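S.K.: If you scroll down you'll find the structure; I have some questions about it.
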Ligand SMILES: OC[C@H]1O[C@@H](O[C@H]2[C@H](O)[C@@H](O)[C@@H](O)O[C@@H]2CO)[C@H](O)[C@@H](O)[C@H]1O
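Residue numbers (the numbering used here): 53 to 197.
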């Protein structure tokens with residue numbers, strides 16, 4: 053459950069799905085000209101109709117920067133939860149750690165807390181990791197309890 057230099061866009065099955073207490077650990081970097089990227093925890097990888105996204109984590113670099121989180125269900129976006137922080141920096145490496153909990157995802161970037169997001173889709177439905185946009189990824193790891 054460790055992938056080196058994945059191709060972006062990345063779409064891959066999460067072996068065994070996710071359980072509370074586990075981590076998803078991403079090391080990567082942001083290109084000099086980035087606008088946004090996203091990490092999506094998905095129900096499958098269908099394109100038409102588009103796979104549900106249980107957790108859409110979407111850093112956006114415009115202005116002072118923010119991170120938009122949401123859920124896509126039956127091809128409709130829910131209410132956005134926007135964190136007006138930007139820990140990502142153009143031209144710099146990062147580490148993202150997503151801690152899976154019973155109630156929430158908790159996300160840290162570079163070992164600093166970033167945000168919480170309550171589950172909207174049942175955790176057991178998630179079977180696919182997608183990474184899209186202007187981002188480079190050195191490694192993907194799923195860390196057990
Ligand atoms: O909510 C996540 C998605 O947002 C979409 O953009 C929104 C935008 O944030 C919102 O303010 C409004 O203008 O509608 C847009 C379209 O739904 C993105 O296009 C999408 O990729 C997700 O990030």
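All C-beta atoms, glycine included, are put in the ideal place defined by N, C-alpha and C.
(1) So, is residue 145 buried or exposed, given that buried needs 16 or more other C-beta atoms within 10 angstroms?
(2) Cβ of residue 75 within 9 angstroms of Cβ of residue 138?
(3) Check whether the segment 170-180 and the segment 58-72 touch, using three or more Cβ-Cβ pairs below 8 angstroms as the test.
(4) Using CA atoms only, rank isn't needed, just tell me which of 170, 56 and 96 is closest to residue 131.
(5) Which residues bound the beta strand (DSSP E) around residue 122?
(6) Could you tell me the boundaries of the beta strand (DSSP E) in which residue 136 lies?
(7) Going along the chain, which residues of its own chain have a beta-carbon closer than 6 angstroms to the beta-carbon of residue 54, five neighbours each way excluded?
(8) When you compare only the Cα positions, how much space is there between residue 174 and residue 116?
(9) Have a look at 188, 91, 133 and 176 and flag the residue whose alpha-carbon is nearest the alpha-carbon of residue 118.
(10) Check residue 181 in the structure and name its three-state DSSP category.
(11) Going by Cα to Cα distance, which pick from 172, 188, 77 and 128 is closest to residue 159?
(12) Have a look at residue 191 and residue 127 and give me their C-alpha separation to the nearest angstrom.
M.R.: Answer, in terms of the structure:
(1) Working through the chain shown from its first residue, we reach residue 145 at position 93. Classification for residue 145: exposed.
(2) As a position in the chain shown, residue 75 is number 23, starting the count at 1. As a position in the chain shown, residue 138 is number 86, starting the count at 1. Going by C-beta atoms, residue 75 is not nearer than 9 angstroms to residue 138.
(3) Contact between the segment 170-180 and the segment 58-72 is present, because at least three Cβ pairs lie under 8 angstroms.
(4) By 1-based counting over the chain shown, the position of residue 131 is 79. Answer by Cα proximity: 170.
(5) Reading the chain shown from its first residue, position 70 is the one you call residue 122. Per DSSP, residue 122 belongs to the beta strand (DSSP E) from 118-125.
(6) As a position in the chain shown, residue 136 is number 84, starting the count at 1. Per DSSP, residue 136 belongs to no beta strand (DSSP E) and is neither H nor E.
(7) For the purposes of this step, residue 54 is taken as residue 2 along the chain shown, with counting starting at 1. Excluding positions up to five away in sequence, the list reads 193.
(8) Counting from 1 along the chain shown, the entry for residue 174 is found at position 122. Counting from 1 along the chain shown, the entry for residue 116 is found at position 64. Rounded to whole angstroms, the separation of the alpha carbons of residue 116 and residue 174 is 33 angstroms.
(9) Locating residue 118 in the chain shown gives position 66, where the first residue counts as 1. Here the closest residue by C-alpha is 133.
(10) Looking up residue 181 in the chain shown gives position 129. Strand.
(11) Reading the chain shown from its first residue, position 107 is the one you call residue 159. The shortest Cα separation from residue 159 among 172, 188, 77 and 128 belongs to 77.
(12) As a working mapping, residue 191 is identified with position 139 in the chain shown. As a working mapping, residue 127 is identified with position 75 in the chain shown. Their backbone Cα atoms lie some 29 angstroms apart in a straight line.
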